[PDB]
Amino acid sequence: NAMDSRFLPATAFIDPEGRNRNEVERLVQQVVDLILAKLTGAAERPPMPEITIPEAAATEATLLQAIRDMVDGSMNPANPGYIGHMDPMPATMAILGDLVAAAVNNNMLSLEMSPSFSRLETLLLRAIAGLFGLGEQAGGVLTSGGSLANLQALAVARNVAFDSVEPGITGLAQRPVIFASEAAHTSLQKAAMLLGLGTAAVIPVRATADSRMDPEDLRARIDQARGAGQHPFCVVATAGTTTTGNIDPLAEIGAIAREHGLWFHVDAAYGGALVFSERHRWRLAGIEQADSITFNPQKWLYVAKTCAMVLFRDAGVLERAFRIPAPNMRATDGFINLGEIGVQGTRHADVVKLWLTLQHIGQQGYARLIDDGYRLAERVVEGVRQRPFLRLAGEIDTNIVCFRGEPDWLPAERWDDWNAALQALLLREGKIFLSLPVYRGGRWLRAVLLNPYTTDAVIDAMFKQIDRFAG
């Protein structure tokens, strides 16, 4: 009983027989109090902030100070001025869900290690799949981020195309390739690299002025690849591109993919949230035919990171073309160890925050949040339209507006400096955070209007600052 020893602090663990209850409760309460103070007081911190392992147990005071230092030095999307990333303030229940998940400390790896969570996740994901219109065989798993979801979808596409689970892909005569919009996520190059495809395997497809993949170009690239002696196996349409928030023409892309016998993956990491909005979900038309979908509740569903999933129209594909040889060990109620069918083995129980958050907000709540996001975005667009020195990236499909100064008082070569300077000013003096992505070979301002506490006033304040900066 180390917990009785002088080598462990009394509160290192929670005594299961209640013997350290009071001490634990104190320590827990201190953190809780501190955290709530920080969150309820989040508008007091700017959107962006301005090591040895000890021999002996640290004091409560050191621990608390560390937490305080951690919170203070962190980015603060809770601030209404934080309008620059698809990284939102977490829903309250998401924060609580993680507390619960950590407390129980179950493992998604297997049913015996997560007997409730595993079942809940499977069922919930089936439900979500239904929202996407995927059909009766549809299913999936939660993954620790979108990248892993894309990686898994691609891994399945690859395995299905090449029968690679046991022999791998080193044999291949024709290089396997995938097609994505030039605006698609970098996780597609990283995945390709991990998959043994190489980064070059991701063939960029021309996107329109509105940053939507051009189906004529996709068709052209597929033909070009075949001509090149490459073996196209997958097309990735993106619903809500990372930079500009645009949504690929999913129905057309899907059709092209289907025509060509290509796995159709839809990277709906951000845009997938629109399934909760009757008003906006038509934007996703064609998604229902996807072989797989990546969707990230951590983004537009406000679930504390990480919360992501990949859904397959046919979940059984995970068994056929992913899961490694091992004894079949399904429970009598029919569930499967999730680890067998995921990139991860051990995995945190994200389902708890997801389930809690979905219930608390509800479909109506999301529909509302989404509408407000669109409204804020439209405000930003109208504001850009009003100013000639400022240009939009293109039309918007989501609550994301990418724009930049293209001031005629400067050579184009100095536009990046101007935009960087403006972004710095907006942050330093505005206390408004916009990202400054590299886009189209240039530095562009980026607004993602997620914070539910962002207001028309914040937007107005932003444009007033921009106006002053620009004269």
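Residue numbers run from 1 along the displayed sequence.
Counting the deposited residues that fall between residue 55 and residue 56 and carry no coordinates gives zero. Between the stretches 166-174 and 133-141, it is 166-174 that shows the larger average CA temperature factor. Per the PDB record, of the two stretches 115-123 and 184-192, 184-192 carries the greater mean B-factor over its C-alpha atoms. As recorded in the PDB entry, 364 shows the highest C-alpha B-factor of the residues 292, 364, 243, 150. Based on the entry's C-alpha B-factors, the most elevated value among 84, 261, 325, 88 belongs to 325. Annotation for residue 425: C-alpha temperature factor in the highest third relative to the rest of the modelled chain, per the entry.
Among the modelled residues of its chain, residue 67 has a C-alpha B-factor that falls in the lowest third according to the deposited record. In the PDB entry, residue 384 places in the highest third of its chain by CA B-factor. Residue 434: CA B factor lies in the middle third for its chain, per the PDB record. In the deposited entry, the Cα temperature factor of residue 448 places it in the middle third of its chain's modelled residues.
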